[PDB]
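Presented below, as structure tokens, is a lone chain in the form deposited in one PDB entry.
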């Protein structure tokens, strides 16, 4: 035992993220244990792992969410750590608590941190305390004294939105504040209760998120930001880094705030701070206490291997990277490739009859698919991620177009066509479109 302390690791996940993790492991000489459902015996990473363990039938609830089977998998193989990747049990405290209780290292933050940020009220509370900008509001249920309510809205700045404590109405001026509150009162009465609170209405915001790394020993750094505004039905479709328009100084401002937050909450490992960004102001929404799907975009513009850092941190090693050594270079754009139905956006199962991946400079392909592989119906629609890097934003986009053209995936329905359309969208090329843009372009409004 000694190529890395975490000499053998259980990859509690599937698809592209599991492969991504497997590779990071092989690089470090770490033995891999791929737990899988009976429907994923043909996953690329499973076929490449040192050991494979079936943890149950196709259904996620019976496999990838099966806590005892996953820990038993770690036990029978003498594994020492478990990487939950993203989704599934990655932000499930109970799982982390049992994993560690069984004597294994959970590659993620402390159980108490998952719970903290996992709760919206506790999270906001902690973020404000640490100095992270949050969504302005009445700080509690609104009374009937329209005078302070008008002052609250004023202080927060219109437009404001009235929300029911148990579930909403937009107010653009104090002239309609009173009526609006009463109107909202009624509905909720019904609708739900009578209590109502006020929040700042962020009408046309962008989705900007800050990547961080903390060793849980007092060291925390931020690795630039990512703009993940290209959304359809709240699902991310395109991601890029850095975020267009964000200056080095603003980046430094929001970055140091998140790093400080990590220190205050004793955060450990990789995490992400998602904010709504409008009129140059950041507003914290939530923090994902895990690795991000779109992490590659950050990896390519900073030259940092986020998965490997997660492993080193989980191995008790303090951060070896100082904030001043972190330099953003170039631009990276990510298109998510999904095997999805164009009318429901749901997974579109089937056999891939022909597959050809794009190649060339600045082209990264994260995917488990291969000619002959069949997309199962039990999980998500994501079959891969295509990330293109360039010395600047225009080069990255130009490369994504070229790469999307070389990409061949027959036998199943995909969104490749959609991606090409987005890369050719004049507004996207200009940069900085808000979270409502995509649904507009395609009329899902």
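Residue numbers count along the first chain shown, from 1.
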With respect to the deposited sequence, is there a break between residue 167 and residue 168 in this entry, and if so is it 1 to 3, 4 to 9, or 10 or more residues, or none at all? 4 to 9
Sequence continuity check, residue 192 and residue 193 (deposited residues unmodelled): 1 to 3
Averaging only over Cα atoms, indicate whether 103-111 or 321-329 has the higher B-factor in the PDB entry. 321-329
If you average the CA temperature factors over each stretch, which comes out higher, 58-66 or 29-37? 58-66
Between 121, 335, 213, 243, let me know which has the highest C-alpha B-factor in the entry? 121
Please work out which residue in 152, 258, 304, 76 has the highest C-alpha B-factor recorded for this crystal structure. 152
Of the three thirds of Cα B-factor ranks in this chain, residue 384 occupies the middle
Where does residue 83 sit by CA temperature factor within its chain: lowest, middle or highest third? lowest
Looking at the C-alpha B-factor of residue 224, is it in the lowest, middle or highest third of its chain? middle
Residue 411 by Cα B-factor - lowest, middle or highest third of the modelled chain: middle
Can you work out whether the C-alpha temperature factor of residue 355 puts it in the lowest, middle or highest third of the chain? middle
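The following text describes the form deposited with a partner chain bound, which does not appear among the structures shown.
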Looking at 247-255, 69-77, 129-137, 223-231, which one sits within 4.5 Å of the partner chain in the entry with it bound if you count heavy atoms only? 69-77
Interface membership of residue 386, the partner chain in the entry with it bound, 4.5 Å heavy atom rule: no
Is residue 52 part of the interface with the partner chain in the entry with it bound - any heavy atom within 4.5 Å? yes
Check, residue by residue, if 215, 218 and 316 all come within 4.5 Å of the partner chain in the entry with it bound, counting heavy atoms only. no
